[PDB]
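# Observations on the three-dimensional arrangement
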Amino acid sequence: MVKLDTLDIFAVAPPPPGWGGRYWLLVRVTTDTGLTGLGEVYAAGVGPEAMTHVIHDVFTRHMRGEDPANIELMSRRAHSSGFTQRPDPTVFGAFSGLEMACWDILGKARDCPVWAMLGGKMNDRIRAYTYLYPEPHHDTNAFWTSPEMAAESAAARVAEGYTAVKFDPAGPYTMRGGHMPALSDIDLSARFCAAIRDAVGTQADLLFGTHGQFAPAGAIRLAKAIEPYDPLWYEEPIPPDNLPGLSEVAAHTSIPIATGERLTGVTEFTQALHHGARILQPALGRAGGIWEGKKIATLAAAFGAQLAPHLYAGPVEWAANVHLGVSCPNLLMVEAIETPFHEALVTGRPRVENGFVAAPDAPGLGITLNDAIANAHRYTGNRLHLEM
Amino acid sequence: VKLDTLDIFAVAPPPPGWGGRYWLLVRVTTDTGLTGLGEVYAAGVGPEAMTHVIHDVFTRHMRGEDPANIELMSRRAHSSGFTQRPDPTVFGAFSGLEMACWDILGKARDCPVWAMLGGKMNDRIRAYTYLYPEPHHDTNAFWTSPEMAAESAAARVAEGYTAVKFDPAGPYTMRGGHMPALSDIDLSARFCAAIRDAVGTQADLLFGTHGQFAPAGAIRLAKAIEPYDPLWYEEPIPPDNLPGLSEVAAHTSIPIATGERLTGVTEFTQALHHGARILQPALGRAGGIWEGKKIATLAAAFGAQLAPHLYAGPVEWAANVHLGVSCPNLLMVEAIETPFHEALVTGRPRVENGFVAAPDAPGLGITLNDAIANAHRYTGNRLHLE
Amino acid sequence: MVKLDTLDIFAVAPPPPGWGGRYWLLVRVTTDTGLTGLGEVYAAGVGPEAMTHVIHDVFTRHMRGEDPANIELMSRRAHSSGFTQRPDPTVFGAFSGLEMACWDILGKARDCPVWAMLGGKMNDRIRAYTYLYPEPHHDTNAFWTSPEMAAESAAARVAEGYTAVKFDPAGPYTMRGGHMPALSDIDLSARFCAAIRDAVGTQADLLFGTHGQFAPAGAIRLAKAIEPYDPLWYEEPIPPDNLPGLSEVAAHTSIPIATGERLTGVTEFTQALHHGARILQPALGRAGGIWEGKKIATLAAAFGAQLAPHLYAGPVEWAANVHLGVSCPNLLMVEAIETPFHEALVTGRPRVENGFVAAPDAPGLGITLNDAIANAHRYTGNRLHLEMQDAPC
Amino acid sequence: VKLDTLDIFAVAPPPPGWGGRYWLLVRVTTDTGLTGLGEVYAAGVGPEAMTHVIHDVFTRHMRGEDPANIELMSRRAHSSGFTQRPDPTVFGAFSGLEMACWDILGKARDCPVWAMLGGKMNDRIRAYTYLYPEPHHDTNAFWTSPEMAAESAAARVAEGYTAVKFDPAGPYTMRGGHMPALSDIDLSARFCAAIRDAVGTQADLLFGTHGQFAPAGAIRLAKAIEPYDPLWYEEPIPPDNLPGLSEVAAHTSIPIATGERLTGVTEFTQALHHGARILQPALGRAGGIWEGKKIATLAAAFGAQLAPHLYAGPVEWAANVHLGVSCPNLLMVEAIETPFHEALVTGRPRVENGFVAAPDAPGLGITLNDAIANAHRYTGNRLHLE
């Protein structure tokens, strides 16, 4: 076969509005034979520059000169790097992106889409969802605190075939740790659910997604307010540093618990399952990669839990999301961001059509990087992809 | 490519029959022409009854499908008949057939199976064997002889084996768990002593009972063997009592191994939940190679290890080796290196100096010697194991 | 006494509309001394062609040449067959049919109805329910999604004396496993419960039957919509392969959890009892038979739980249910299907009269097969008795 | 006063490099002119990519802040980039920089660091060292020789040491928890046997291992060494498996120690609940001096003790000294008394008669010798440990 040879890293900035965050970290790996693979690093603990050297280290150290198929080998090496052998969202965030490429390469060599190597085409189409984004006519500023403007987004996404919609009306997440929700935060939450259920009725599930900004006692209060709207999940009730807190939260609400976007490694997804979380939302560019995600879905199944891959990034982590999803039985839905820039950055991006995504048919991840777009949008700045 | 035709082989191994009364091999041929082998490890009913079962599951859930669609065939197989609960008779039959799908997938991709299971994690893999009577050993007295067991063990060490299995604990019966007689305990201590003497630090001792005993009874047995530092205590109690594994694991410093009679990653979870730290799936019973890999995953999440079971032919063995190669937590693979095992197929992975090197050829890297298999056909009534 | 000698197996196709299944699998065992017993197998993993070779295997290998009163002996043999000694719905489902046939021969030898060998006549009459089938004036296709038609059909059953009715508006079940229930499935579940609740008032309990379609988290959302209607049970909320998932569902809902139609062996039921199910529903032709049924009933009592023998099969498993039901202090109700074919296929079938079945009077199971009916309806097709949809959702 | 500049020193210790391949020292300097020393203990990626991490953290969460605001800066680095969960890379970088904030605060206020951690609980603190090859000892055969280890121990004792650590169980591999060979078990027995004979009651045994083994294997090994009464069993299993610690603790009467490879108060909590009773934070990884204080408080909650890890330079050393002085539940402090440690800084706290007096001087009490540090600058490819 081939060995991994060279690596290129692209810091790419999406235009205003900027759904998917400040920058994206794309990797293109070339083999010794000449095949290229795309991958997506999802980490913000340090900034896009610092991360370039982290990624180069990881590749150079554990990956360059290795047969792509040796995923378990390369994952073990990365996880164990420097006498650690405990999870690391920065080091293992790097590896995930690079690993993604390896599957893209392996697909190309073996002339089959990545899912053809993950257990096959379980799901001919996979269920999709988006965040409720302003309508062309909506005033951007006021949209975020407006139930009525959200209800119009909900209806239009339903008119497009979306069968589930996400929204985060509980305001800002801080670095201080889990606080106690404002009564204005509870109110606007109940009003958002109330206007959206009023709008959509039976046609779309409600996806309530706070960002881990509340303490478990507070998260409980909010659950009781939004319950009578049958949200399909309560995403990230509490800070990720406190997976044991998930338990008291599950046992107090009827609403299913979703988590995992800030988690890294199958070993931590285990913890979240044990403590009662029933919808795992791994970010494949942070959680370890495609194969690690397959091991997350297996764990989720063992607990009767389901999968909902996370997306707040580019179209390269989306490509992996789709492929993993295609091959999982316990897949619930995939998060989607269908901006025009996602569609222009690469070619062959799988598309959400009528609230679902068809099983990709092209070898590998089926995506090709258009370089001119990539470098026209090249990123410069200290700042983080997603700040608190 | 699609699945098209199925042939089944009932093979009876010649005397002394190390590996069972009969082996149930399947060969699946695509519409293209690629073939693959698999072995079915289910003995609740005879090879005739099972022939019909295999054929039923194949036609009902598999024929017409892309061999790359394992998860979908596995869901179909598991849910068959509106069940969606572990059934070693339906799932066993499917496991064999799933192995074949990888063999085809290997051949199409010009790949060894381990290369589609996450890579070459382990360059060679660790092997062990049951302590079989030596050519000069009296066969009838051997089994209750610590002296002779020691002799076999010492030879295995000479052949480069790092671990040996033996069961001096006696008869397994349909009665369910029973108290060990003092003679079973006494003979089990003596055996250990004798094998520890002959091997020292060069071989590990694997203590394999066959689920003979009530938990409380298997505990007594475990205390008496601890001074010998067995590497595992296997199947200490009946496999229908996975909650009984908890009181055993808390009562003994010996790691608890189970699995060979479990089917579906779900049941292996129960075994882990209740304290087992070595999982011993038999791939032709447990749902096949891909399921095995998830048994390996859940095992990992528990700090548990994998010890693929072999009491069958060279196909399940080949499968076992491929799984082995791809898993970081793989402890060892169970080995039966009989000349018949070796003759029945060509390409078979071999134990050299107590290790098997990761395979080379595409697929399982084994092809069936058809004349041998037909000339060794099984006619009769009796079960593989009783 | 006598020894078991020969076995004849009957594959029976229920006529349209197929209340009972695509096919029933009946066994008739004859002794050396000339007595015959009827038994029914509940197994759908493999087809009835392959089942006949399984059932003939189990009988020949463990049961022929044996005093039929050696129940424990044969059950152990059949559980432990082929070096296994763990639950096997295929092998042991086969055993159950044959085991029922034994109890039938024992009842004929001893001149004694089967219940009188399981603790006698606890219940003089036994409470019965039914599915909600189309009233003659209902459109068949529309019926399944119709809360008004289900109310009318529910009213009709209360007027016949029934004091519980069962329905499943939760939508089709998939091989994919547990999935999240649709908002429309929950909607239809509540609308169904509301309309039936109005129709029957206080005069019948609501038996909410899902078929294991949903993931534990989903099941709880659904249980939340139907609670205001006070359903007597929430049956088979999650796939039967995840009994540790009953615990979280039972904890989040005030609705009693019923299960166990897809479970086999008293050990598996035990696990459902340890995880919060309080109503167990064995299908006797799968669980391990009438004697196993008794010991699933004893374990229920140990947990303050109740027994509700399942029935989606023929009049032999129905009889066997009725007799086990007579004998248990913790019996809640037998599931019934009261079709003509059921009453034609055998003579002696227990009849639900005014919402209740009375303890039968005849030796054995009190049911004889009628060969002509049996044969005229012999099964020939390829497909299964019960099947799970291959569709996405 | 506000934090301003950061200087970073990658220092390579000369042969035999007792304390690791290289040390990541940071020098912080305020607007007012004040300077503080810190030390990062992270290996996940090399010294080059760490220089860039360390710089990123300080410029984002630290520059322009009063050094007194430790809680604030810690929240920012912990939550950096919308994480809010442990990160050994980012937080390990924060850790070194936080140490510096305490040294600056030491100087700004004219008092030792421990004077701000609740004061002088311990006048001097119990110290211990690894068994290192004595000058006359053959360097290659030493690591596998109990007879030699015993001799090192005899000399540590004569110097006033009251504890000694060693790892005979051998090598740590990326493969994860594995079964110990019988020769690792036998060599761990013999080491313990030989060291107990040389030391008597005069010194406790600290049994190092590096998470080599799976819990069930780690249980076996403990059984072997129990008779010699070791004071702890360190890092029996991999640190990705804190739940595993639970079965180990219930199976051995040896107190379980862990922590060096953990980060964030939240992870030590997990380790405590699963039953470890000696927490060994590596301060340049864990979160810093103030984090270790909190790690020390929770240890107290579970009735546990604290024993600062050291496999780094004389800054992490100094930070451990000051934290140690101020904790009732301090058990010991790991000591690497090499000449170079003593050369790299001025006013380094020494181990004397096996104990370390509380420092007298403001801050951490250590000033850096730049030209020493510049001569021994690192310029290679490899990790601190592999």
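These residue numbers run from 1 along each chain by written sequence and may not equal the entry numbers. Residues without coordinates are not shown. The order in which chains are written sets their letters, starting at A; the order in which ligands are written sets their numbers, starting at 1. Just a portion of a larger assembly is displayed, and each value is taken over that portion. Hydrogens and water are ignored here; the side-chain numbers use all heavy atoms of the structure.

For this entry, the PDB record names X-ray crystallography as the structure determination method and reports a resolution of 2.5000 Å.

As a further point, take the overall build of chain A. Counting its regular elements, chain A contains 13 helices and 15 strands. The globule rule used for comparison is 2.2 Å times the number of residues to the exponent 0.38, while the radius of gyration itself is calculated over C-alpha atoms. Expected size for 388 residues packed as a compact globule is a radius of gyration near 21 Å; at 20 Å, chain A falls within 12% of this value. Overall size of chain A, expressed as C-alpha extent along the three principal axes, is 60 × 45 × 40 Å. Think of it in three bands: residues with accessible area under 20% of the maximum for their type are buried, residues over 50% are exposed, and the middle band is partly exposed, with areas taken using a 1.4 Å probe on protein chains only. The burial tally for chain A puts 69% of its 388 residues in the buried class. For chain A, the share of sequence-separated contacts (at least 6 apart) that also reach a separation of at least 24 residues comes to 73%. Carbon and sulfur atoms make up 51% of the accessible area of chain A, which totals about 11500 Å². When charges are counted, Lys and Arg are positive and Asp and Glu negative, with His and the chain ends excluded. Every charge is mapped onto a representative atom, which is NZ of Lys, CZ of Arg, CG of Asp or CD of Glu. Averaging the locations of the 29 positively and 41 negatively charged side chains of chain A gives two centres separated by 3 Å. Here a strand is any run of E in DSSP of at least two residues, a helix any run of H or I of at least four, and the numbering for each starts at the N terminus. Contacts between residues were defined by any pair of non-hydrogen atoms, one from each residue, lying within 4.5 Å. Computed with the Shrake-Rupley method and a 1.4 Å probe, the accessible areas treat only the protein chains shown as cover for residues.

Our focus in this paragraph is the domain arrangement of chain A. Residues and elements named next belong to chain A. Taken domain by domain, chain A holds domain 1 (1-111 + 365-388) and domain 2 (112-364). Segmentation into domains, and thus their bounds, comes from an automatic or database assignment. Inter-centroid distance (C-alpha atoms) of domain 1 to domain 2 is 23 Å. Listed by partner, the interface residues are 48 residues for domain 1 and 49 residues for domain 2. Counting each side, the surface lost to burial between domain 1 and domain 2 is near 4000 Å², with a carbon and sulfur contribution of 69%. Put simply, buried area is how much 1.4 Å-probe accessible surface two parts lose in total, over both of them, once they are put together. Looking only at domain 1, the three residues that lose the most surface to domain 2 are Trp19, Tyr42 and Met388, adding up to 21% of its buried area. A carboxyl oxygen of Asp or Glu within 4 Å of a side-chain nitrogen of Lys or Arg is what we treat as a salt bridge. Our count for the contact surface shared by domain 1 and domain 2 stands at 1 salt bridge. Distance and chemistry together define a polar contact, namely a pair of N or O atoms within 3.5 Å, with one atom able to donate a hydrogen and the other to accept it when in protein, and with adjacent residues in sequence counting only for side-chain atoms on both sides. The interface formed by domain 1 and domain 2 includes 19 residue pairs in polar contact. Listed by contribution, the elements that provide at least two residues to the side of domain 1 that touches domain 2 are β2 (24-31), β3 (36-41), α2 (71-80), α3 (91-109), β15 (368-369) and α13 (371-376). Only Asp, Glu, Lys and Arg are considered charged in this grouping, and only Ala, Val, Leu, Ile, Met, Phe, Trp, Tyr, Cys and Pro are considered nonpolar; every other residue, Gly among them, is considered polar. A class-by-class count of the residues in the side of domain 1 that touches domain 2 yields 27 nonpolar, 12 polar and 9 charged.

Let us now look at the interface of chain C and chain B. Each side of the interface is counted separately: chain C has 51 residues, and chain B has 50 residues. For the pairing of chain C and chain B, the buried interface totals around 4100 Å² over both sides, and the portion due to carbon and sulfur atoms is 55%. The largest per-residue losses of area from chain C upon contact with chain B belong to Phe83(C), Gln85(C) and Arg86(C), which jointly make up 20% of the total buried on that side. Remark: the boundary between chain C and chain B carries 3 salt bridges.

Moving on: the sheet that holds strand β2 (residues 23-30) of chain B. Residues and elements named next belong to chain B. Two strands are counted as paired when DSSP detects at least two bridges linking them. Strand order in the open sheet formed by 3 strands is β1-β2-β3, and the pairing between neighbours is antiparallel. The open sheet terminates on both sides in strands that have one partner only, identified here as β1 (3-11) and β3 (35-40). Strand after strand, the sheet turns through a mean of 25° between neighbouring axes, direction not considered. By the bridge criterion, 8 bridges tie β1 to β2 in an arrangement that is antiparallel. Within β2, the position partnered with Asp7 by the bridge is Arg27. Its contacts with the sheet put helix α11 (residues 314-325) on β2 and β3, and the angle it makes with β3 is roughly 100°. Here the axes come from fitting lines to C-alpha atoms, over the contacting stretch only for helices, and the angles between their N-to-C directions go from 0 to 180 degrees.

Turning to the nonpolar core, a few remarks are in order. Buried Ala, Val, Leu, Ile, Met, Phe, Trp, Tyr and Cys residues form a nonpolar core when they are joined through side-chain atoms within 4.5 Å. Within the largest apolar cluster, 411 residues are counted, with the highest numbers of intra-cluster contacts made by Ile196(A), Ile195(B) and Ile55(C). Not counting chain neighbours up to four residues away, the residues in contact with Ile195(B) comprise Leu131(B), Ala149(B), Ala150(B), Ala153(B), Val164(B), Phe166(B), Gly200(B) and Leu205(B). Ranked by size, the runner-up nonpolar core spans 41 residues in total, among them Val165(C), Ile186(C), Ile257(C) and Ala300(C).

Before going further, it helps to spend a moment on the packing of helix α9 (residues 266-274) of chain C against helix α11 (residues 290-302) of chain C. The angle between the axes and the distance between the axes are what describe a pair of packed helices. Residues and elements named next belong to chain C. The geometry of α9 relative to α11 is characterised by a closest axis approach of 10 Å and an angle of 20° between their N-to-C directions. As the angle between them shows, α9 and α11 are arranged roughly parallel. Crossing geometry of α9 relative to α11 is assigned as right-handed. Along its contact with α9, which presents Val266, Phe269, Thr270 and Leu273, the element α11 presents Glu292, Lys295, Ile296, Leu299 and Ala300. Orientation categories follow fixed angle ranges, with anything under 35 degrees roughly parallel, anything over 145 roughly antiparallel, 65 to 115 roughly perpendicular, and all other angles oblique. We call a crossing left-handed when the near helix sits turned anticlockwise from the far one by less than a right angle, and right-handed when that turn is clockwise.

Turning next to the packing of aromatic side chains. Ring pairs are drawn from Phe, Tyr and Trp, using the six-membered ring of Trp, whenever the two centres fall within 6.5 Å, and their geometry is named by plane angle: stacked under 30 degrees, edge-to-face over 60, tilted for the rest. All told, the structure shown has 53 aromatic pairs over all chains when counted by the stated rule. Through successive ring pairs, a cluster of aromatic residues spans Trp19(A), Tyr131(A), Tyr133(A), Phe143(A) and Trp144(A). The ring of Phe83(C) has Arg261(B) lying over it, and the distance from NZ or CZ to the ring centre is 3.9 Å. For a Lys NZ or an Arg CZ to count as sitting over a ring, it must be within 6 Å of the ring centre and within 35 degrees of the ring normal. A cation over a ring is seen here: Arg125(C) above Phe356(C), with NZ or CZ 4.1 Å from the ring centre.

A separate point is the packing of helix α5 (residues 147-159) of chain C against helix α6 (residues 183-200) of chain C. Residue and element names in this part refer to chain C. Following both chains from N to C, one finds α5 and α6 inclined at 35°, their axes separated by 8 Å at the closest point. Along this stretch, α5 crosses α6, giving a crossing that reads as right-handed. Residues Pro147, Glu148, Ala150, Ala151, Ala154 and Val158 of α5 pack against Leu188, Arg191, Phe192, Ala195, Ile196, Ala199 and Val200 of α6. Within the contact of α5 with α6, the residues separate by chemical class into 11 nonpolar, no polar and 2 charged.

What follows is about unusual backbone geometry. Note the cis peptide between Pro16(C) and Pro17(C), where omega equals 5°. One can find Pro17(C) in the loop between β1 (4-12) and β2 (24-31). Note the cis peptide between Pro15(D) and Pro16(D), where omega equals -5°. Of note in the backbone geometry, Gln84(D) takes a positive phi value of approximately 65° without being a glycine. You can see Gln84(D) is positioned in the loop between α2 (70-79) and α3 (88-109).

Counting across every chain of the model gives 81 salt bridges over all chains. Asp187(A) is the salt-bridge partner of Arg191(A), the closest N and O atoms lying 3.9 Å from each other. Here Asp187(A) and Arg191(A) lie together in helix α6 (residues 183-200), a separation of 4 residues that amounts to about one turn. When its relative accessible area of 38% is taken as the criterion, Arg191(A) is described as partly exposed. The salt bridge partner of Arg261(B) is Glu235(B), with a shortest N-O separation of 3.1 Å. Taken together, the residues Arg261(B) in the loop between β8 (256-258) and α9 (265-273) and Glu235(B) in the loop between β7 (232-234) and α8 (245-251) connect sequence positions 26 residues apart. Neither residue differs from the other here; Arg261(B) and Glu235(B) are each classed as buried.

Take the interface of chain C and chain A next. With 17 residues of chain C in contact, the opposing surface of chain A contributes 22 residues. Carbon and sulfur atoms make up 54% of the surface buried where chain C meets chain A, a total of about 1500 Å² over both sides. Between chain C and chain A we count 3 salt bridges in total. Put simply, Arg221(C) and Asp230(A) hold a salt bridge, and the shortest N to O gap is 3.2 Å. There are 7 residue pairs in polar contact connecting chain C and chain A. Elements with a contribution of two residues or more to the side of chain C that touches chain A: α6, α7 (216-226) and α8 (246-252) of chain C. Tallied by class, residues from the side of chain C that touches chain A come to 7 nonpolar, 5 polar and 5 charged.

Of the grid points, spaced at 1 Å and generated over the protein atoms alone, those admitting a 1.4 Å probe that cannot get out make up cavities, while open sets with protein on both sides within 12 Å along at least five of seven lines make up pockets; any residue with an atom within 4 Å of a point is treated as lining. Grid points are joined across faces, edges and corners, and a volume is the space filled by probe spheres set on the points. In the structure shown here, the tally under the stated rule is 18 cavities of 30 Å³ or more. The computed volume of the largest cavity comes to approximately 630 Å³. Of all the secondary structure elements, the ones that give two or more residues to the lining of the largest cavity are α10 (290-302) of chain A together with α2 (70-79), α3 (90-109), α9 and α10 (289-300) of chain B. When the residues that make up the lining of the largest cavity are grouped by side-chain class, the tally is 14 nonpolar, 13 polar and 8 charged.

Time to look at the domain arrangement of chain C. All names here are of chain C. Under the domain assignment, chain C is made up of domain 1 (1-111 + 365-393) and domain 2 (112-364). Put simply, the middle of domain 1 and the middle of domain 2, counted by C-alpha atoms, are 23 Å apart. The interface is formed by 54 residues belonging to domain 1 together with 52 residues belonging to domain 2. Regarding the contact of domain 1 and domain 2, the summed buried area is about 4400 Å², with carbon and sulfur atoms giving 68% of it. Across the contact surface, domain 1 and domain 2 share 1 salt bridge. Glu72 is the partner of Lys295 in a salt bridge, and the nearest nitrogen-oxygen pair spans 3.8 Å. Seen at the junction of domain 1 and domain 2, the total is 22 residue pairs in polar contact. For the side of domain 1 that touches domain 2, the elements supplying multiple residues, two or more each, are β2, β3 (36-41), α2 (71-80), α3 (89-109), β14 (368-369) and α14 (371-376). Among the elements that make up the side of domain 1 that touches domain 2, the one with the highest residue count is α3 (12 residues). Here the residues of the side of domain 1 that touches domain 2 are counted per class, giving 30 nonpolar, 14 polar and 10 charged.

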